[PDB]
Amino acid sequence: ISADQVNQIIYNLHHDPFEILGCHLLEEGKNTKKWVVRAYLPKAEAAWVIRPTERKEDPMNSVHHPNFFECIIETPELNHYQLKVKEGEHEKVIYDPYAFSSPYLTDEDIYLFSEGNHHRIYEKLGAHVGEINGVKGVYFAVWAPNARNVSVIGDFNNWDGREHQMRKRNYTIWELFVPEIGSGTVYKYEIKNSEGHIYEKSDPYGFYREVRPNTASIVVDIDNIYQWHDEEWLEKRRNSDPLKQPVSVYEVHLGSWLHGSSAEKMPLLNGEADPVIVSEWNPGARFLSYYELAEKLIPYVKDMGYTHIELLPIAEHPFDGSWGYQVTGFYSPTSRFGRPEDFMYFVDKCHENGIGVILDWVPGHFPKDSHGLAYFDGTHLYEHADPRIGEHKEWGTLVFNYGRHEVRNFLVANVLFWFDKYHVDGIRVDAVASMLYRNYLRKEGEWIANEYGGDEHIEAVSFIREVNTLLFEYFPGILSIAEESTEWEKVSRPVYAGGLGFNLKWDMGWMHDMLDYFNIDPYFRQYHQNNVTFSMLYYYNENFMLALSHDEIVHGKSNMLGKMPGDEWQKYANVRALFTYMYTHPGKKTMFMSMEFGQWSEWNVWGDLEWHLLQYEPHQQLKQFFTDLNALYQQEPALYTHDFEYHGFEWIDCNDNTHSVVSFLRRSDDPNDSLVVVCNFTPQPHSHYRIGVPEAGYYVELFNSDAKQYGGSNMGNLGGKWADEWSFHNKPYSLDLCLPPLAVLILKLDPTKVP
């Protein structure tokens, strides 16, 4: 480029910067093309073009001005890239602001979508504020290849679409530009199918929606509603390996954590709205907004010391009682809690407080509601036509046709969407088996095998692998978590290694072993020592997340306290021993709201949590216990640096089944960070119990779950114990400990102590 052109950009004299900024074809070779990407990056000293899907990164060079950059790249197609931008000591990674010079679908957009590879399709499908022919308005576009006609109906035309009939492009996508409307416009698509039947659909790519049970889509000016402040968070995330960090998740259902009064408006970020009543049977209660949740949940979690919040599905869903697992508005956060910018505020505030956000994401099915994706254009469009693979009859829902390009694209781009537009730090997928198996919950003679005669759902495996490949290329540093309940192999291993590409898997076997164990009367736990120890036998086959989830405290299973045998004191003690063991056992941690304060009743999605319990000392003390335990977890490297390496764990002794005692080491990079963990899973205290340790010296009693401030009996080692030179458990030194009842100790060598 010329200095004249550069200067015109620098000084805002250029008539259209899209002519020179962004990606432009310079020439075509025999088997490749030569492209330039240009960027004007005021205050940046350096920049690079990342091609994450090719695993390439090319420096940009300043050209004529220190803040004007160019990068020449040869490759057959330059569809997917990001800019890395360095300003002083800080780097950010963004999409190119000059990527898309028009709001309408280009030939190239249509080609990539038709192949399944348009990773940013949601910039053009749906409803977008823009300008065509010189006039500002909204561009609508919708995939409905078999429809006879489609019209846009909404507030602007009194729900009569005759003068807003769309135009069909390339036999597949309908479009329309409507002048002089903007964000806030309420609309649907009116479709006529090949039989001539006329019906109404919400926008599959809609960014916002009326409050259930209303279903109109609402236009959002999604890039001009919120100013983020989380660049430093995002930079640390991208440059870190979350597998080597503390990850302690507080699982939350946003509709049911805390409710407000329906006698007042719902406050929003700089605004308000009408209250959303929780149910017709509890009409004095309303949901809190994303904004109020940012003001209340976030400092709560921060104070408790969790590293992450995991949300039950916040995608738009018509029925509260599905908990969010039956989604019909995949591209919009639910309007129960306010607007898209209110949820952006929530995430930005989590990041400001050093808390990550993991979203339960639901690609496995969708319900039949007529506003939603079902039978979209008068054919089986999103769902497979064959009910043997396209319906989950036991659930009454429909299964996406994962092999169909535009359906695959809807979902792949959907996952990306939440990381792009809402800056989230991870996803979790529930019931991954539901996708992986062609015979899932199907009787003999009611499913068919794959092309090789197996039960593997080939198209769904390919889709999962593509999601996880892309996610980690575009957003390194994220968490992709699976619950898979059939022992499918290599769930949490890279795709190149034959895995599904998740980085964590819930240890459901561990969860069952633990809860089943602790439910047993302590005298009988001697017959079930194997529940304590078995999960370490397969542990190194996956990267495990130790999750005690919402699913375990509903449907007659009781809340945690109620699972435990004995009198009130011992129920509390069992809870503290179990969770101390969980936090010291190898693997990342997840627990669900209400577990941290000892709610007695089961989780009820229709009400809120029993916060009044926190007026009473025993619930206060258990909440303090969790607060201290999360703090300890973040402060002790041996609890998180080597979760997934042999080095990080070794049993000291696990044979004393008749006393339900086990002990083990955790380690990290510094030998002086090693920890000695001792568990006593009966109420019998032990005044002298010998445990082998690896070094001489004084072992501080770093944590003790029977401490009085946690509700315990305050038994223990009064600070710590000097090791004896007395061989034990095949170790040269040993501690003569007092073991409190129904409790776990963590001890740590203080190599500087005075003898």
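A residue's number is simply how far along the shown sequence it sits, counting from 1.
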item	value
Mean C-alpha temperature factor, higher of 436-444 and 141-149	436-444
Stretch with the higher entry mean CA B-factor, where the candidates are 72-80 and 479-487	72-80
C-alpha B-factor winner, where the candidates are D274, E190, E610, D507	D274
Out of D653, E341, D628, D360, highest CA B-factor residue	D653
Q599 - which third its CA temperature factor falls in, relative to the rest of the chain	lowest
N158 by Cα B-factor - lowest, middle or highest third of the modelled chain	highest
CA B-factor ranking of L26, expressed as a third of its chain	highest
Relative C-alpha B-factor of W569, binned into the chain's lowest, middle or highest third	highest
Chain thirds of CA B-factor: placement of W35	middle
